[PDB]
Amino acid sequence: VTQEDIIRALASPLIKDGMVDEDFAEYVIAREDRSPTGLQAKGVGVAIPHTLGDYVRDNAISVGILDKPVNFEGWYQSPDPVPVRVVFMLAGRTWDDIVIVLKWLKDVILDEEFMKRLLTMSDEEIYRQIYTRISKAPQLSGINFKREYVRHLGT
């Protein structure tokens, strides 16, 4: 199980609702290979694939919780892949669009309790947790988040 599989999986709910084109996977993949987004966190690795293009139809976040850690290469240049178990796929129209959610997510990763609940809760429990967090943030209005954007992918 490779990074591509997790990217191509978290992008499926987006290409269904028609928030991204059918080649969006090819583009996050292609962007992950140029600017990897894998990060070290409390007990888990986090990754934040994203694509930013004219092929994005609306901004959306697709959250995936993996079961056995997958190696994403490191956002910051290090010799070691980050064993990622939590993935936040981003799709956005402009770079300001992504840089807003990007900042938002940093505080999510600095919220150890928020991050642990994710590892040990059901897909509906997760949706309501983030949807609430997205509601509290007015900078994040216009972002698309639905119950089908949460997925417990397994290796």
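The first residue of the shown sequence is 1; numbering continues from there.
On mean Cα temperature factor in this entry, is 32-40 or 117-125 the higher one? The recorded data point to 117-125.
Hey, which bit's got the bigger mean C-alpha B factor in the entry, 126-134 or 86-94? So the stretch with the higher mean C-alpha B-factor is 126-134.
Chain-wide C-alpha B factor ranking for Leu140, given as lowest, middle or highest third: For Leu140, the deposited C-alpha B-factor lands in the highest third.
Hey, what third does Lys103 fall into on Cα B-factor, ranked over its chain? Ranked within chain, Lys103 CA B lands in the middle tercile.
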